[PDB]
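Read the structure below first, then the notes.
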Number of protein chains: 2
Amino acid sequence: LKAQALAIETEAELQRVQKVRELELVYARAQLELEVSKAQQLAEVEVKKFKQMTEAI
Amino acid sequence: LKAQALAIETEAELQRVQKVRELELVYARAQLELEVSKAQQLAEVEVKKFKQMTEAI
């Protein structure tokens with residue numbers, strides 16, 4: 001009887017953990033894209049600033 | 001009688017451990033792909049910044 005109750009709690013908990021993980025990966029991939037997009041634009045700002053101040057000298 | 005009860009708890013517990021392990025490997029492989037994807041993109045940002053600042057001098 002304990003093996004039946006454990007099988008029920010196992011599948012019920014793993015259905016939750018699977019859905020939480022699917023959503024956290026979708027969000028972490030979107031948040032990664034935002035962090036990379038930030039780094040690409042701010043790195044370009046500093047390269048432009050550096051090149052134009054260098055061309056003045 | 002103890003050998004029967006032990007065999008029942010053994011198969012019941014190993015059915016849980018197997019399903020937990022199958023899902024943890026699927027998730028850890030997906031999380032690895034995300035960490036590598038982060039490292040590849042952020043390393044490209046730093047390589048671009050370094051090369052363009054070097055070409056200015």
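Cβ: placed from backbone, ideal geometry, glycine included. Neighbour counts: every protein chain shown. What follows draws every value from the coordinates through simple rules; no lab data is involved.
Does B:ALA3 meet the test of being over 26 Å from A:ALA5 (Cβ atoms), exposed (fewer than 11 other Cβ atoms within 10 Å of the Cβ), more than 10 Å from chain A (Cβ to nearest Cβ) and hydrophobic (A, V, I, L, M, F, W, C)?
Criteria not met by B:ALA3.
Kindly check whether there is at least one residue in the range A:33-44 that is within 8 Å of chain B (Cβ to nearest Cβ), surrounded by 10 or more Cβ atoms within 10 Å (Cβ to Cβ), over 22 Å from B:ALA39 (Cα atoms) and without any contact (Cβ under 8 Å) to a residue 24 or more places away in the chain.
Among the residues of the range A:33-44, not one is within 8 Å of chain B (Cβ to nearest Cβ), surrounded by 10 or more Cβ atoms within 10 Å (Cβ to Cβ), over 22 Å from B:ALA39 (Cα atoms) and without any contact (Cβ under 8 Å) to a residue 24 or more places away in the chain, which makes the answer no.
Find the residue count for the range A:7-57, including only residues that are under 20 Å from the mean Cα position of the chain (by Cα) and of a type in the set (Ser, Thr, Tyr).
2
Given B:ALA30, B:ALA7, which one is farther than 23 Å from A:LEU23 by Cα and small (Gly, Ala, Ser)? Break it down into steps so the answer makes sense when it comes.
Values: B:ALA30 fails: farther than 23 Å from A:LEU23 by Cα.
The unique qualifying residue is B:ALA7.
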